[PDB]
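Data block for entry-v9.cif (mmCIF, C-alpha atoms and all ligand atoms):
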```
data_coords
#
loop_
_atom_site.label_atom_id
_atom_site.label_comp_id
_atom_site.auth_asym_id
_atom_site.auth_seq_id
_atom_site.Cartn_x
_atom_site.Cartn_y
_atom_site.Cartn_z
CA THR V 200 -20.98 21.96 -1.04
CA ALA V 201 -21.36 21.33 2.70
CA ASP V 202 -22.75 17.89 3.52
CA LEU V 203 -20.33 16.38 0.99
CA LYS V 204 -17.37 18.31 2.43
CA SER V 205 -18.37 16.77 5.76
CA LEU V 206 -18.16 13.28 4.25
CA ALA V 207 -14.85 14.14 2.58
CA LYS V 208 -13.63 15.31 5.98
CA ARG V 209 -15.11 12.28 7.77
CA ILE V 210 -13.01 10.12 5.44
CA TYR V 211 -9.83 12.17 5.90
CA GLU V 212 -10.20 11.93 9.67
CA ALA V 213 -10.53 8.15 9.44
CA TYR V 214 -7.40 8.17 7.25
CA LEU V 215 -5.21 10.03 9.76
CA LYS V 216 -6.72 8.03 12.63
CA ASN V 217 -5.98 4.53 11.31
CA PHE V 218 -2.80 4.90 9.23
CA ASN V 219 0.09 5.88 11.50
CA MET V 220 2.24 6.87 8.50
CA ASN V 221 0.66 9.66 6.45
CA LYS V 222 2.19 11.60 3.57
CA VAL V 223 2.79 14.72 5.67
CA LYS V 224 4.62 12.92 8.48
CA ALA V 225 6.66 11.10 5.81
CA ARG V 226 7.62 13.90 3.41
CA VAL V 227 9.06 15.83 6.36
CA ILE V 228 11.45 13.02 7.32
CA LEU V 229 12.59 12.65 3.71
CA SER V 230 13.09 16.42 3.62
CA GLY V 231 15.20 16.36 6.79
CA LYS V 232 14.05 19.92 7.51
CA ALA V 233 12.66 19.07 10.97
CA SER V 234 15.62 17.21 12.51
CA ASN V 235 19.27 16.29 12.02
CA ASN V 236 18.75 12.62 12.96
CA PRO V 237 18.03 10.92 9.62
CA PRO V 238 16.72 7.35 9.48
CA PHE V 239 19.21 4.51 9.34
CA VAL V 240 20.12 3.96 5.69
CA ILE V 241 19.97 0.34 4.51
CA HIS V 242 21.97 0.14 1.28
CA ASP V 243 23.93 -3.15 1.36
CA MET V 244 24.09 -6.46 3.21
CA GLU V 245 26.11 -5.01 6.10
CA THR V 246 23.65 -2.21 6.88
CA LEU V 247 20.79 -4.71 6.62
CA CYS V 248 22.22 -7.12 9.19
CA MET V 249 22.94 -4.13 11.44
CA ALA V 250 19.31 -3.00 11.45
CA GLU V 251 18.26 -6.64 11.78
CA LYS V 252 20.26 -6.63 15.02
CA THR V 253 17.41 -4.52 16.41
CA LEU V 254 14.75 -7.11 15.52
CA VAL V 255 16.81 -10.11 16.67
CA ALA V 256 13.87 -10.82 18.98
CA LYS V 257 11.25 -11.10 16.23
CA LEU V 258 13.84 -12.88 14.05
CA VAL V 259 14.90 -15.63 16.46
CA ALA V 260 11.45 -16.75 17.63
CA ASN V 261 10.34 -16.69 13.97
CA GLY V 262 13.06 -19.09 12.76
CA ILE V 263 14.29 -16.70 10.05
CA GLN V 264 17.65 -15.52 11.45
CA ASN V 265 19.83 -17.95 9.47
CA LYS V 266 17.54 -17.80 6.43
CA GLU V 267 18.75 -16.16 3.23
CA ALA V 268 19.22 -12.40 3.12
CA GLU V 269 16.33 -11.67 0.75
CA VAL V 270 13.92 -14.06 2.48
CA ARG V 271 14.54 -12.21 5.76
CA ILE V 272 13.73 -8.83 4.18
CA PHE V 273 10.42 -9.81 2.57
CA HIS V 274 9.55 -11.99 5.57
CA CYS V 275 9.09 -8.99 7.86
CA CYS V 276 7.84 -6.97 4.88
CA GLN V 277 4.78 -9.24 4.95
CA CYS V 278 4.00 -8.35 8.57
CA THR V 279 3.78 -4.71 7.47
CA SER V 280 1.08 -5.33 4.87
CA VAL V 281 -0.82 -7.55 7.30
CA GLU V 282 -0.97 -4.48 9.56
CA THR V 283 -1.89 -2.14 6.70
CA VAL V 284 -4.70 -4.55 5.75
CA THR V 285 -6.05 -4.36 9.30
CA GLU V 286 -5.83 -0.56 9.33
CA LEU V 287 -7.53 -0.60 5.93
CA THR V 288 -10.26 -2.93 7.20
CA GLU V 289 -11.01 -0.41 9.95
CA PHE V 290 -10.70 2.57 7.58
CA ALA V 291 -13.49 0.93 5.57
CA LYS V 292 -15.93 1.47 8.46
CA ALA V 293 -15.96 5.23 7.87
CA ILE V 294 -17.03 4.69 4.25
CA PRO V 295 -20.77 5.51 4.09
CA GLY V 296 -22.76 2.34 3.49
CA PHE V 297 -19.78 -0.02 3.68
CA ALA V 298 -20.53 -1.49 7.11
CA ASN V 299 -24.10 -2.09 5.90
CA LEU V 300 -23.03 -4.20 2.92
CA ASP V 301 -23.37 -7.96 3.07
CA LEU V 302 -20.53 -9.41 5.13
CA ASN V 303 -19.45 -11.37 2.04
CA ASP V 304 -19.33 -8.27 -0.17
CA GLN V 305 -17.30 -6.46 2.49
CA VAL V 306 -14.58 -9.12 2.49
CA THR V 307 -14.61 -9.26 -1.31
CA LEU V 308 -14.02 -5.51 -1.55
CA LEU V 309 -11.18 -5.66 0.98
CA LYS V 310 -9.78 -8.73 -0.81
CA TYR V 311 -9.21 -7.23 -4.27
CA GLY V 312 -8.69 -3.67 -3.03
CA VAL V 313 -6.29 -3.70 -0.08
CA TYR V 314 -3.14 -4.21 -2.15
CA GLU V 315 -4.31 -1.61 -4.66
CA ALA V 316 -4.45 0.84 -1.75
CA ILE V 317 -1.24 -0.39 -0.08
CA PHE V 318 0.77 0.36 -3.22
CA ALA V 319 -0.98 3.71 -3.64
CA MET V 320 -0.23 4.79 -0.07
CA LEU V 321 3.20 3.15 -0.36
CA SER V 322 4.10 5.99 -2.74
CA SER V 323 3.87 8.51 0.11
CA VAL V 324 7.03 7.04 1.70
CA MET V 325 9.04 6.58 -1.52
CA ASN V 326 11.26 8.77 -3.66
CA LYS V 327 13.56 8.24 -6.63
CA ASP V 328 16.10 6.55 -4.33
CA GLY V 329 14.32 4.47 -1.68
CA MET V 330 11.50 4.24 0.84
CA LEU V 331 10.97 4.76 4.55
CA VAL V 332 10.76 1.74 6.84
CA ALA V 333 9.97 1.15 10.53
CA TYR V 334 7.59 4.11 10.87
CA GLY V 335 10.16 6.40 9.28
CA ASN V 336 13.10 5.21 11.39
CA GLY V 337 14.72 3.46 8.42
CA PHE V 338 15.32 4.16 4.74
CA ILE V 339 16.05 1.17 2.50
CA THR V 340 17.70 2.27 -0.74
CA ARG V 341 16.16 1.43 -4.10
CA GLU V 342 19.39 0.12 -5.62
CA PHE V 343 19.87 -2.36 -2.78
CA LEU V 344 16.44 -3.79 -3.62
CA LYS V 345 17.38 -4.14 -7.30
CA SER V 346 20.59 -5.86 -6.12
CA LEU V 347 18.90 -8.84 -4.45
CA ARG V 348 18.87 -12.11 -6.35
CA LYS V 349 15.92 -12.77 -8.62
CA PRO V 350 13.04 -12.82 -8.32
CA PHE V 351 13.17 -10.71 -5.15
CA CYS V 352 14.77 -7.86 -7.12
CA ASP V 353 11.61 -7.72 -9.28
CA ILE V 354 9.22 -7.19 -6.35
CA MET V 355 9.75 -3.56 -5.34
CA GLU V 356 11.15 -1.90 -8.47
CA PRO V 357 7.70 -1.98 -10.17
CA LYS V 358 6.21 -0.15 -7.18
CA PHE V 359 8.95 2.48 -7.31
CA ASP V 360 8.03 3.18 -10.93
CA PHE V 361 4.40 3.77 -9.95
CA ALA V 362 5.26 5.91 -6.92
CA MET V 363 7.43 8.25 -8.99
CA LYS V 364 4.76 9.08 -11.57
CA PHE V 365 2.00 8.97 -8.95
CA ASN V 366 3.85 11.29 -6.55
CA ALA V 367 4.21 13.71 -9.47
CA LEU V 368 0.51 14.56 -9.02
CA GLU V 369 1.29 16.55 -5.84
CA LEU V 370 -1.47 14.92 -3.80
CA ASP V 371 -1.91 15.39 -0.06
CA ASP V 372 -3.44 13.07 2.52
CA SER V 373 -6.58 15.17 2.02
CA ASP V 374 -6.99 13.50 -1.39
CA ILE V 375 -5.35 10.08 -0.91
CA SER V 376 -7.88 9.41 1.87
CA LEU V 377 -10.71 9.73 -0.65
CA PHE V 378 -8.68 8.00 -3.37
CA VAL V 379 -8.14 4.96 -1.15
CA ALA V 380 -11.84 4.98 -0.23
CA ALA V 381 -12.86 4.78 -3.89
CA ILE V 382 -10.45 1.88 -4.45
CA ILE V 383 -12.27 -0.11 -1.77
CA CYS V 384 -15.72 0.70 -3.21
CA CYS V 385 -14.95 -0.62 -6.70
CA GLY V 386 -18.08 -2.34 -8.00
CA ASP V 387 -15.95 -4.27 -10.49
CA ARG V 388 -14.60 -6.92 -8.11
CA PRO V 389 -15.41 -10.54 -9.02
CA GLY V 390 -18.04 -12.28 -6.92
CA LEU V 391 -19.91 -9.17 -5.78
CA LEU V 392 -23.52 -10.03 -4.93
CA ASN V 393 -25.29 -6.66 -4.73
CA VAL V 394 -23.52 -5.04 -7.66
CA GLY V 395 -26.21 -2.37 -7.89
CA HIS V 396 -25.99 -1.34 -4.24
CA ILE V 397 -22.18 -1.14 -4.24
CA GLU V 398 -22.02 0.92 -7.44
CA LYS V 399 -24.31 3.51 -5.86
CA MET V 400 -21.98 3.59 -2.85
CA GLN V 401 -18.90 4.03 -5.05
CA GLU V 402 -20.51 6.79 -7.11
CA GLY V 403 -20.94 8.75 -3.88
CA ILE V 404 -17.26 8.47 -2.98
CA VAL V 405 -16.09 9.18 -6.53
CA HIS V 406 -18.46 12.14 -6.84
CA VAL V 407 -17.09 13.59 -3.60
CA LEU V 408 -13.56 12.89 -4.84
CA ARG V 409 -14.17 14.48 -8.24
CA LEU V 410 -15.30 17.75 -6.65
CA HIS V 411 -12.65 17.66 -3.92
CA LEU V 412 -9.94 17.26 -6.56
CA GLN V 413 -11.32 20.18 -8.59
CA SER V 414 -11.45 22.27 -5.40
CA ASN V 415 -8.08 21.41 -3.85
CA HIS V 416 -6.20 21.28 -7.19
CA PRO V 417 -8.07 23.66 -9.51
CA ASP V 418 -5.16 24.20 -11.92
CA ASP V 419 -4.72 20.49 -12.71
CA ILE V 420 -7.95 20.36 -14.69
CA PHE V 421 -7.83 16.68 -15.67
CA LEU V 422 -6.36 15.58 -12.32
CA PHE V 423 -9.48 13.52 -11.61
CA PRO V 424 -9.23 11.63 -14.94
CA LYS V 425 -5.50 11.04 -14.39
CA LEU V 426 -6.31 9.38 -11.07
CA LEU V 427 -8.92 7.17 -12.74
CA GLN V 428 -6.10 5.95 -14.98
CA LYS V 429 -4.05 5.37 -11.82
CA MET V 430 -6.83 3.19 -10.38
CA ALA V 431 -6.69 1.16 -13.59
CA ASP V 432 -2.89 1.08 -13.36
CA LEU V 433 -2.97 -0.11 -9.74
CA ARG V 434 -5.48 -2.83 -10.64
CA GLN V 435 -2.91 -4.05 -13.17
CA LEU V 436 -0.01 -3.57 -10.75
CA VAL V 437 -1.62 -5.80 -8.11
CA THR V 438 -2.35 -8.48 -10.72
CA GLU V 439 1.28 -8.80 -11.80
CA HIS V 440 2.28 -8.72 -8.13
CA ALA V 441 -0.08 -11.62 -7.41
CA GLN V 442 1.51 -13.59 -10.24
CA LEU V 443 5.00 -12.82 -8.90
CA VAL V 444 3.87 -13.95 -5.44
CA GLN V 445 2.56 -17.29 -6.70
CA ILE V 446 5.76 -17.62 -8.73
CA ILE V 447 7.65 -17.40 -5.43
CA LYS V 448 5.33 -20.11 -4.07
CA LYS V 449 5.94 -22.65 -6.85
CA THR V 450 9.74 -22.42 -6.51
CA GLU V 451 11.13 -20.99 -3.27
CA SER V 452 10.82 -23.79 -0.71
CA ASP V 453 12.15 -21.76 2.25
CA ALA V 454 9.81 -18.74 1.96
CA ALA V 455 6.50 -19.28 3.77
CA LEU V 456 3.44 -17.13 3.17
CA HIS V 457 1.77 -15.34 6.06
CA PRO V 458 -1.52 -17.03 7.05
CA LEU V 459 -3.67 -13.91 6.61
CA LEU V 460 -2.13 -12.98 3.26
CA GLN V 461 -2.70 -16.55 2.05
CA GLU V 462 -6.47 -16.08 2.18
CA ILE V 463 -6.12 -12.79 0.30
CA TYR V 464 -3.98 -14.20 -2.51
CA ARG V 465 -5.93 -17.47 -2.68
CA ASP V 466 -7.60 -17.62 -6.11
CA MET V 467 -7.16 -13.86 -6.45
CA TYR V 468 -6.11 -13.48 -10.09
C1 LIG Y 1 4.74 -6.61 -0.68
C2 LIG Y 1 4.62 -8.07 -0.25
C3 LIG Y 1 5.42 -8.24 1.05
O1 LIG Y 1 5.06 -8.87 -1.31
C4 LIG Y 1 5.59 -10.14 -1.03
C5 LIG Y 1 6.90 -10.43 -1.41
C6 LIG Y 1 7.43 -11.68 -1.14
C7 LIG Y 1 6.66 -12.64 -0.50
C8 LIG Y 1 7.26 -14.01 -0.21
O2 LIG Y 1 8.38 -14.11 0.15
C9 LIG Y 1 6.40 -15.27 -0.40
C10 LIG Y 1 6.26 -16.16 0.66
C11 LIG Y 1 5.49 -17.30 0.50
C12 LIG Y 1 4.87 -17.55 -0.71
CL1 LIG Y 1 3.88 -19.02 -0.89
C13 LIG Y 1 5.01 -16.66 -1.77
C14 LIG Y 1 5.78 -15.52 -1.61
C15 LIG Y 1 5.36 -12.35 -0.13
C16 LIG Y 1 4.82 -11.10 -0.40
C17 LIG Y 1 3.14 -8.37 0.01
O3 LIG Y 1 2.48 -9.05 -0.82
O4 LIG Y 1 2.58 -7.93 1.05
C1 LIG Y 2 10.64 -5.28 8.37
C2 LIG Y 2 11.64 -6.13 7.91
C3 LIG Y 2 12.88 -6.16 8.53
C4 LIG Y 2 13.12 -5.33 9.62
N1 LIG Y 2 14.40 -5.33 10.30
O1 LIG Y 2 14.93 -6.35 10.57
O2 LIG Y 2 15.01 -4.11 10.64
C5 LIG Y 2 12.13 -4.49 10.07
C6 LIG Y 2 10.90 -4.46 9.45
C7 LIG Y 2 9.85 -3.50 10.01
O3 LIG Y 2 8.93 -3.15 9.35
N2 LIG Y 2 10.04 -3.05 11.39
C8 LIG Y 2 9.13 -2.14 12.07
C9 LIG Y 2 7.81 -2.00 11.68
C10 LIG Y 2 6.98 -1.13 12.37
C11 LIG Y 2 7.48 -0.40 13.44
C12 LIG Y 2 8.81 -0.55 13.83
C13 LIG Y 2 9.63 -1.43 13.14
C1 LIG Y 3 8.02 -3.64 3.17
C2 LIG Y 3 6.71 -3.34 2.83
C3 LIG Y 3 6.13 -2.16 3.28
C4 LIG Y 3 6.86 -1.28 4.06
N1 LIG Y 3 6.26 -0.04 4.54
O1 LIG Y 3 5.78 0.71 3.77
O2 LIG Y 3 6.27 0.26 5.91
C5 LIG Y 3 8.17 -1.58 4.40
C6 LIG Y 3 8.75 -2.76 3.96
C7 LIG Y 3 10.19 -3.07 4.34
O3 LIG Y 3 10.95 -3.43 3.51
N2 LIG Y 3 10.61 -2.90 5.73
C8 LIG Y 3 11.97 -3.17 6.16
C9 LIG Y 3 12.50 -2.44 7.22
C10 LIG Y 3 13.79 -2.67 7.65
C11 LIG Y 3 14.57 -3.64 7.03
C12 LIG Y 3 14.05 -4.37 5.98
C13 LIG Y 3 12.75 -4.14 5.55
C1 LIG Y 4 6.22 -10.15 10.94
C2 LIG Y 4 6.97 -9.09 11.41
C3 LIG Y 4 8.34 -9.22 11.56
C4 LIG Y 4 8.96 -10.42 11.25
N1 LIG Y 4 10.40 -10.55 11.42
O1 LIG Y 4 11.11 -9.67 11.11
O2 LIG Y 4 10.94 -11.73 11.95
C5 LIG Y 4 8.21 -11.49 10.79
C6 LIG Y 4 6.84 -11.35 10.63
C7 LIG Y 4 5.99 -12.52 10.12
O3 LIG Y 4 4.85 -12.60 10.44
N2 LIG Y 4 6.54 -13.54 9.25
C8 LIG Y 4 5.69 -14.63 8.79
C9 LIG Y 4 5.67 -14.98 7.45
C10 LIG Y 4 4.86 -16.01 7.01
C11 LIG Y 4 4.07 -16.71 7.91
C12 LIG Y 4 4.09 -16.36 9.25
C13 LIG Y 4 4.90 -15.33 9.69
#
```
Reformat the file's structure so that it appears as structure tokens.
Amino acid sequence: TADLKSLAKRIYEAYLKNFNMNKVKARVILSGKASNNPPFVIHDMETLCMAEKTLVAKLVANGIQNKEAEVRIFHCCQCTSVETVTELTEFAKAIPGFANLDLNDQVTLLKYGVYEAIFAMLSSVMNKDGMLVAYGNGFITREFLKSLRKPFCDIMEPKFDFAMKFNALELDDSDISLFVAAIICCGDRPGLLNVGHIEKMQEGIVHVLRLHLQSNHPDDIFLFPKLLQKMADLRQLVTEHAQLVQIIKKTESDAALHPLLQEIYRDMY
């Protein structure tokens, strides 16, 4: 079309603008074809404490430091998502009609959707062996994550499984931008007031996405349906994650939950 392609572009531009780590900037680091200075590999406890030597500032004033090895990892890992939530909250502005929604419906969308988008985008920085960290400056291996003591070794491995099959779709930021937009405009979230209004808004994004996918990836005929399954998959992935988070709350007495994330997880699933 033309007006649609403008909207699809308006979304993409908001994607690159807000999220500092896109799939292009990431796949080039993992390829190592643009530089000979690879990110610092974190594969065991020694390499971890080395890299942590860089953040000794944020670690001392936060009281972690002497905390357990796993707690330290996923303590800063929370600060990441808190940032991605903010970037996502701003990315939602560009969505046509979103800013107009009732302030309650806006928060509800961003409540049940953020983590579904975080894990989706989180695939862009993963591979079969690990993921990028610190805006591409670090690469934490996948086996080291599976080596932590339970239940921390069950946190990231599920996401790696999704990112491997999801990456297999060969998507570019051009598409993910729209894909993440549709995730936020899901009219299925509990507590939505104007269900009719939101569904109209989502159908616009999905319609744009369905044509964009057929245009940018014409050979993968059922690519659009596959992604719909992925949305369903992510919805399930975030649910299990929420259960595993609350499981860490009812047992681990030395792992505190970030204030912002508390409100998100509160009575989520
Ligand atoms: C992906 C990530 C960081 O996943 C978590 C993994 C571990 C924790 C915790 O260590 C923790 C701390 C306090 C409580 Cl009450 C429960 C769990 C939190 C989130 C997220 O969700 O952004
Ligand atoms: C998260 C957990 C642990 C560390 N660390 O001790 O090396 C770092 C991070 C992290 O995400 N650091 C970061 C984020 C963004 C930009 C630069 C560095
Ligand atoms: C945790 C959640 C999300 C990201 N991310 O996609 O930027 C990274 C991490 C993480 O584990 N960061 C990290 C960096 C350095 C040392 C430990 C942990
Ligand atoms: C955010 C970024 C980096 C670190 N760190 O490596 O010390 C910590 C945090 C952070 O906000 N931790 C936290 C968890 C729970 C409640 C408040 C703060």
> Pick the closest to residue 374 of chain V from V:445, V:277, V:264, V:415: which is it, counting only C-alpha atoms?
Replying inline: V:415
>> If we count all atoms listed in the file and set the cut-off at 9 Å, which residues sit around residue 291 of chain V, ignoring sequence neighbours fewer than 3 positions away in its own chain? Please answer as a ChimeraX atom specification.
In response: /V:213,286-288,294-295,297-298,305,309,380,383
>> Residues within 7 Å of (12.1, 8.7, 10.4), file coordinates, counting only C-alpha atoms: what are they? Give the list as a list in words.
In response: residues 228, 237, 238, 334, 335, 336 and 337 of chain V
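We find atom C5 of ligand LIG 2 (chain Y) and atom CA of residue 349 of chain V to be spaced 20.8 Å apart.
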>> Please list, as a PyMOL selection string, the residues that have an atom at most 8 Å away from (-0.2, 9.9, 2.1) in the coordinates of this file, counting all atoms listed in the file.
In response: chain V and resi 220-223+225+320-324+370-372+375-376
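Take the candidates V:235, V:279, V:435, V:261 and check each one against ligand LIG 2 (chain Y) using only C-alpha atoms and all ligand atoms; the shortest distance goes to V:279.
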> Within 12 Å of residue 281 of chain V, counting all atoms listed in the file, which residues qualify if same-chain residues fewer than 2 places away don't, as a PyMOL selection string?
Replying inline: chain V and resi 274-279+283-288+313-314+317+456-463
>> What residues of the protein or nucleic acid chains come within 10 Å of ligand LIG 2 (chain Y) when you use all atoms listed in the file? Reply as a VMD selection string.
In response: chain V and resid 219 239 241 246 to 258 264 270 to 280 282 331 to 337 339
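The nearest approach to ligand LIG 4 (chain Y) among the residues V:209, V:358, V:292, V:266, with all atoms listed in the file taken into account, belongs to V:266.
Taking atom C8 of ligand LIG 1 (chain Y) and atom CA of residue 454 of chain V as endpoints, the distance between them is 5.8 Å.
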>> Can you tell me which residues surround segment 401-406 of chain V at a distance of at most 10 Å, considering only C-alpha atoms, apart from same-chain residues fewer than 6 positions away, and format the answer as number ranges by chain?
In response: V: 203, 206-207, 210, 294-297, 377-386, 412, 423, 427
Save the residues we just selected, C-alpha atoms, as an mmCIF file, in the coordinates of the input?
```cif
data_model
loop_
_atom_site.group_PDB
_atom_site.id
_atom_site.type_symbol
_atom_site.label_atom_id
_atom_site.label_comp_id
_atom_site.auth_asym_id
_atom_site.auth_seq_id
_atom_site.Cartn_x
_atom_site.Cartn_y
_atom_site.Cartn_z
ATOM 1 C CA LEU V 203 -20.330 16.380 0.990
ATOM 2 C CA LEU V 206 -18.160 13.280 4.250
ATOM 3 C CA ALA V 207 -14.850 14.140 2.580
ATOM 4 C CA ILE V 210 -13.010 10.120 5.440
ATOM 5 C CA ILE V 294 -17.030 4.690 4.250
ATOM 6 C CA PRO V 295 -20.770 5.510 4.090
ATOM 7 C CA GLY V 296 -22.760 2.340 3.490
ATOM 8 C CA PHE V 297 -19.780 -0.020 3.680
ATOM 9 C CA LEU V 377 -10.710 9.730 -0.650
ATOM 10 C CA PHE V 378 -8.680 8.000 -3.370
ATOM 11 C CA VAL V 379 -8.140 4.960 -1.150
ATOM 12 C CA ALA V 380 -11.840 4.980 -0.230
ATOM 13 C CA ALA V 381 -12.860 4.780 -3.890
ATOM 14 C CA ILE V 382 -10.450 1.880 -4.450
ATOM 15 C CA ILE V 383 -12.270 -0.110 -1.770
ATOM 16 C CA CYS V 384 -15.720 0.700 -3.210
ATOM 17 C CA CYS V 385 -14.950 -0.620 -6.700
ATOM 18 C CA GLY V 386 -18.080 -2.340 -8.000
ATOM 19 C CA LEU V 412 -9.940 17.260 -6.560
ATOM 20 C CA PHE V 423 -9.480 13.520 -11.610
ATOM 21 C CA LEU V 427 -8.920 7.170 -12.740
#
```
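Between atom CA of residue 269 of chain V and atom CA of residue 359 of chain V lies a distance of 17.9 Å.
Residues with any atom within 10 Å of residue 390 of chain V, counting all atoms listed in the file and excluding same-chain neighbours fewer than 5 positions away, are residues 303, 304, 307 and 308 of chain V.
The list of residues with at least one atom within 9 Å of residue 301 of chain V, based on all atoms listed in the file and without residues fewer than 5 positions apart in the same chain, reads residues 306, 392 and 393 of chain V.
In this comparison, which uses all atoms listed in the file, the residue of V:260, V:455, V:201, V:444 approaching residue 411 of chain V most closely is V:201.
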> Which of these residues is nearest to residue 409 of chain V, using all atoms listed in the file: V:396, V:440, V:224, V:204?
Replying inline: V:204
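Nearest to residue 243 of chain V of all the residues V:215, V:230, V:340, V:300 is V:340, counting all atoms listed in the file.
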Could you get me a file of segment 421-433 of chain V with N, CA, C and O atoms, as a JSON list (two decimals), in the first residue's frame, taken from the block above?
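Printed below is part.json as written:
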```json
[["chain", "number", "residue", "atom", "x", "y", "z"],
["V", 421, "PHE", "N", 3.44, -19.16, 5.02],
["V", 421, "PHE", "CA", 2.77, -19.16, 6.31],
["V", 421, "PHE", "C", 3.60, -18.53, 7.42],
["V", 421, "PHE", "O", 3.40, -18.85, 8.60],
["V", 422, "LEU", "N", 4.52, -17.62, 7.07],
["V", 422, "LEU", "CA", 5.31, -16.96, 8.10],
["V", 422, "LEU", "C", 4.41, -16.23, 9.10],
["V", 422, "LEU", "O", 4.60, -16.35, 10.32],
["V", 423, "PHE", "N", 3.43, -15.48, 8.60],
["V", 423, "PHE", "CA", 2.51, -14.79, 9.49],
["V", 423, "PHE", "C", 1.82, -15.75, 10.45],
["V", 423, "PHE", "O", 1.81, -15.47, 11.66],
["V", 424, "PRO", "N", 1.23, -16.86, 10.00],
["V", 424, "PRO", "CA", 0.65, -17.81, 10.97],
["V", 424, "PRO", "C", 1.67, -18.32, 11.97],
["V", 424, "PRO", "O", 1.36, -18.39, 13.17],
["V", 425, "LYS", "N", 2.86, -18.70, 11.52],
["V", 425, "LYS", "CA", 3.90, -19.15, 12.44],
["V", 425, "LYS", "C", 4.10, -18.16, 13.57],
["V", 425, "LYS", "O", 4.18, -18.54, 14.75],
["V", 426, "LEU", "N", 4.18, -16.87, 13.24],
["V", 426, "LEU", "CA", 4.38, -15.85, 14.26],
["V", 426, "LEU", "C", 3.21, -15.80, 15.23],
["V", 426, "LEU", "O", 3.40, -15.61, 16.44],
["V", 427, "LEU", "N", 1.98, -15.95, 14.72],
["V", 427, "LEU", "CA", 0.83, -16.01, 15.61],
["V", 427, "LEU", "C", 1.01, -17.11, 16.65],
["V", 427, "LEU", "O", 0.74, -16.91, 17.84],
["V", 428, "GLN", "N", 1.47, -18.29, 16.22],
["V", 428, "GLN", "CA", 1.83, -19.34, 17.17],
["V", 428, "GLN", "C", 2.87, -18.84, 18.16],
["V", 428, "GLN", "O", 2.77, -19.12, 19.36],
["V", 429, "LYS", "N", 3.87, -18.10, 17.67],
["V", 429, "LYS", "CA", 4.91, -17.58, 18.56],
["V", 429, "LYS", "C", 4.32, -16.66, 19.62],
["V", 429, "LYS", "O", 4.70, -16.73, 20.79],
["V", 430, "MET", "N", 3.39, -15.79, 19.23],
["V", 430, "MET", "CA", 2.70, -14.96, 20.21],
["V", 430, "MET", "C", 2.04, -15.82, 21.28],
["V", 430, "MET", "O", 2.17, -15.54, 22.48],
["V", 431, "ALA", "N", 1.34, -16.87, 20.86],
["V", 431, "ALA", "CA", 0.77, -17.81, 21.82],
["V", 431, "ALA", "C", 1.86, -18.44, 22.68],
["V", 431, "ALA", "O", 1.73, -18.54, 23.90],
["V", 432, "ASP", "N", 2.95, -18.88, 22.04],
["V", 432, "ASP", "CA", 4.06, -19.47, 22.78],
["V", 432, "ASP", "C", 4.61, -18.50, 23.82],
["V", 432, "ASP", "O", 4.77, -18.86, 24.99],
["V", 433, "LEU", "N", 4.89, -17.26, 23.41],
["V", 433, "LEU", "CA", 5.41, -16.27, 24.35],
["V", 433, "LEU", "C", 4.46, -16.06, 25.52],
["V", 433, "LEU", "O", 4.89, -16.00, 26.68]]
```
